[PDB]
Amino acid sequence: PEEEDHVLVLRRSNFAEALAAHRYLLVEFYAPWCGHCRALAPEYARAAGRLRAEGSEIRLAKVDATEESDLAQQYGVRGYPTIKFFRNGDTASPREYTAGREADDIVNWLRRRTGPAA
């Protein structure tokens, strides 16, 4: 599927397949006009590049919730950005990401969910 600076581009048609392929999957629901999403996009992409540089199986993804609204409403998204971590493809119980928005604290937070060499 599409990938912008190593961040997977997800929509309803490929969302279930990404969960099945990636057991550690961070998903950012965003709006391109939202200022905090704009400030987040370079840091999110730098976090994904570093994980890719580290040979990690963790994957970062993003969903334009203004264009994929049913998918966003299915996960109770009521503001942007909304970041959720899915483990082992379990969509009922995603962990909410509420930590810093710099590249290093995203990967640190992901490492605390999985392990230093995941």
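The first residue of the shown sequence is 1; numbering continues from there.
- 60-68 or 77-85, whichever carries the higher mean Cα B-factor: The deposited B-factors put 77-85 ahead on the C-alpha mean.
- Task: Check the entry's C-alpha temperature factors for 14-22 and 90-98, then say which stretch has the higher mean.
- Result: Taking the mean B-factor of the alpha carbons in each, 90-98 is higher.
- Which of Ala53, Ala47, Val27, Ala41 ranks first by CA B-factor in the deposited coordinates: Highest C-alpha B-factor among the listed residues goes to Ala53.
- Task: Compare the C-alpha B factor of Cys37 with those of the other modelled residues in its chain, then answer lowest, middle or highest third.
- Result: It falls in the bottom third of the chain.
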